[PDB]
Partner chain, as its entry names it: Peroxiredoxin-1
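Presented as structure tokens, the chain that follows is alone, the form deposited without the partner chain.
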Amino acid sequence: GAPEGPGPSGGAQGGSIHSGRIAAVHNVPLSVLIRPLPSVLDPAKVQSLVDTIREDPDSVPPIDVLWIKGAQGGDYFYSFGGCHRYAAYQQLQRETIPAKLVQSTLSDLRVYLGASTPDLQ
């Protein structure tokens, strides 16, 4: 019952030109979010965010997210922040979360994970 859609097919892929670069807000599924950085959550700040999304979902600005592809088009989304907003969105069991996508290169990731950087495929 997951919201399948991406990957219009599975075989015609072959050097597909992206629709030009477009860095804007996008609802990225919670099921494909990568979080390799833990952070102690606070119950007072999470309730405030949970109250903001419930009181007004358009009153909560998006978060920054790095968007990088692997050696095989495998798209990988990394989120270094909004950790609390994730707990608030997670509780609402919502299907996706607002997040600004930022196309980057593996080198940029090294600046952040210049130690536990895995091999993207």
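Numbering follows the first chain given and starts at 1.
Although not depicted, the form deposited with the partner chain bound is the subject of the following passage.
In the entry with it bound, the partner chain lies farther than 4.5 Å from every heavy atom of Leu92. Although the partner is absent from this view, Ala88 stays clear of the partner chain in the entry with it bound, with no non-hydrogen atom inside 4.5 angstroms.
Among residues of the shown chain, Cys83 is one whose heavy atoms approach the partner chain to within 4.5 Å in the entry with it bound. Not displayed here, the partner chain is approached by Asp64 to within 4.5 Å at the level of heavy atoms in the entry with it bound. Taking the partner chain as it sits in the entry with it bound, the stretch 44 to 63 comes within 4.5 angstroms of it through a non-hydrogen atom at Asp58, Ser59, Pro61.
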